[PDB]
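Every number here is computed from the coordinates shown, using simple stated rules; none is lab data. Here Cβ is always computed from backbone atoms with ideal geometry, including for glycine, and neighbour counts include all displayed protein chains.
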Amino acid sequence: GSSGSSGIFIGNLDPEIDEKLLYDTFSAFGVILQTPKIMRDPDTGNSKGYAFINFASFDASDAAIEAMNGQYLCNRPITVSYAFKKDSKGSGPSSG
């Protein structure tokens, strides 16, 4: 089902790609929680340009955002970026 909410946002996806492909294309890095989803236009309903995929844990999402972030896809450079992130606490010891 799902353990956490460590989802990832993908953009600039070729209109020739399908949920089946992506699943695997990404599966390589880490394990997917459930079938991926692609945002389509409310008009044609073929392919908008961006999709949404969630991994098992952050460890998996990290790999992608590291490599997948830019990976030249089917004549279309994809971009992986954490769907949502909450600013953590930690300024750091500084003197200035």
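Candidates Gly30, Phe9, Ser94 compared by Cα position along the dipole of the chain: farthest toward the positive end lies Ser94, with charges placed on Cβ.
Within a straight-line Cα-Cα reach of under 18 Å, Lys89 cannot be paired with any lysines, leaving aside sequence neighbours fewer than 8 residues apart in one chain. At most 10 other Cβ atoms within 10 Å and a DSSP loop assignment: could you name the trypsin sites (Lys or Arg not before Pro) in the range 1-90 that fit? Listed in order of number, the matching sites are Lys85, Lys86, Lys89. Amide H contacts for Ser47 (H built 1.01 Å from N in the peptide plane; partners 5 or more residues away or on another chain; cut-off under 5 Å): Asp41.
Nearest 0.05, what FRET efficiency do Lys85 and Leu21 give at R0 = 41 Å with Cβ-Cβ as r? Walk me through the numbers before you get to the answer.
Values: r = 27 Å, r/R0 = 0.66.
Computed FRET efficiency for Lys85 and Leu21 comes out at 0.90.
Considering the range 3-96, its Cα convex hull presents a mean projected area of 8.3 nm². As a length-normalised measure over Cα pairs under 8 Å and 6 or more apart, the relative contact order of the range 3-96 settles at 38 percent. Taking amide H atoms as placed 1.01 Å from N in the peptide plane, list the residues 5 or more away in sequence, or in a different chain, whose amide H sits under 5 Å from that of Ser81. So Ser81 has HN proximity to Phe9. Each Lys or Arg adds one and each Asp or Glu subtracts one; over the other residues with Cβ under 13 Å from the Cβ of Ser27, this totals -1.
Checking every one of the GluC sites (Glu not before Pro) in the range 2-96 against DSSP loop status and a limit of 15 other Cβ atoms within 10 Å picks out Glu16.
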